[PDB]
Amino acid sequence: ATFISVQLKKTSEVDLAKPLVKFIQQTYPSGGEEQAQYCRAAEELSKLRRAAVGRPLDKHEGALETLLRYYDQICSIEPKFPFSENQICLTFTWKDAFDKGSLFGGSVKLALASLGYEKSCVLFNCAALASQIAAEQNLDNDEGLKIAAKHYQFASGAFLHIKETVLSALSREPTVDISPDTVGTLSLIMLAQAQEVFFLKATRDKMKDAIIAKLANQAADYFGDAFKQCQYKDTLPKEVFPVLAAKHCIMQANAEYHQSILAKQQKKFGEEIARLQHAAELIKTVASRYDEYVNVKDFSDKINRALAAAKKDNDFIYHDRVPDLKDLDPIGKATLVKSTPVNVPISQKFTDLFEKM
């Protein structure tokens, strides 16, 4: 099991309170109590940021819920505070999640006086953590499976949301890690991995070989498309392209392997052999191009066991004609997976610190 996850973007500390407190004492002549509490709620928000984006990596629902709360909050402050009028005086500075920058200098960083920029990088890190937690799961466990599937789908919908909104909200030119191309590709990757998780669920629940094959076939479409978005690009870490190329072939081999079990059941012995030969070729390709990144050895043995047994009996008993691949029906596609929409609130039991404002 080799899953892709995304590193969180780094940020630097900001005093959210100082510039927010000072811009609350406006309309609101109440230099007394009520108005001067909405200014300690802005202390809670500044502390919340330090919590969401400042603490050393924690990989629990603990740390993700913090992040998602922080995102929820930032979004409900945008009507409260003048920022695409701006107006207020906050600068958020974030490093690019991927571009190391030249060691002939420093990071690739981008400072902007924008709530838009802030929420985008926050959402990014919500997606990235979600992907880390999904990739962490023990997939030999039904609840591990379920947490991976839920989180890959969240991460997919949240990268996609950034794709539709980064440019609108930034005004300026985004950094390449959050730009629509990188992030549309990360969305498709998480969604591929979500599908792969359903394939593994079905494997585990020993479902109908026909079901499993369509689930694997659709995964191969998703992984196919993601590697093709990466073919001419060097934005993501270097392990990403070869993993996606490998998975695209592994997924196709799983499709053919399970479709072969169905053919056999149906006494279509020639078709079984044809599909198994396709599987073995795919898996032979991956074993020789991509061995630094996946271990395909037990699958390969399993295919070779089935193909050796298949050929021996067809030659000695059935004499079925082994058909050509272009003459076989296509394996269908079952998609069980979508990009979770970002609809605030995204956090568990949210309350806006500035609700009655």
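So that there is no doubt, residue numbering starts at 1 and follows the sequence shown. By rigid core we mean the largest C-alpha set that fits within 1.5 Å across both forms.
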With everything overlaid on the rigid core, name the stretch, 94 to 102 or 271 to 279, whose CA atoms wander farther on average in 6 other deposited structures of this protein. 94 to 102
Of the stretches 195 to 203 and 79 to 87, which sits farther from where it is here in 6 other deposited structures of this protein, on average over its Cα atoms, after fitting the core? 79 to 87
Read off the CA B-factors in the entry, average them over 149 to 157 and over 75 to 83, and name the higher stretch. 75 to 83
Of 201 to 209 and 240 to 248, the one with larger mean CA B-factor: 201 to 209
Which of these, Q231, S102, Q195, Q266, has its C-alpha atom at the highest B-factor, as the entry lists it? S102
Of the residues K312, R69, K302, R40, the one whose Cα carries the largest B-factor in the deposited record is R40
Would you mind ranking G144 by its C-alpha B-factor against the rest of the chain and naming the third, lowest, middle or highest? middle
Temperature factor at the Cα of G270, chain-ranked in thirds, falls in the lowest
Select lowest, middle or highest to describe the third in which the CA B-factor of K119 falls within its chain in this entry. middle
Ranked by Cα temperature factor within the chain, is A135 in the lowest third, the middle third or the highest third? middle
For the chain shown, is the CA B-factor of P180 in the lowest, middle or highest third of its modelled residues? middle
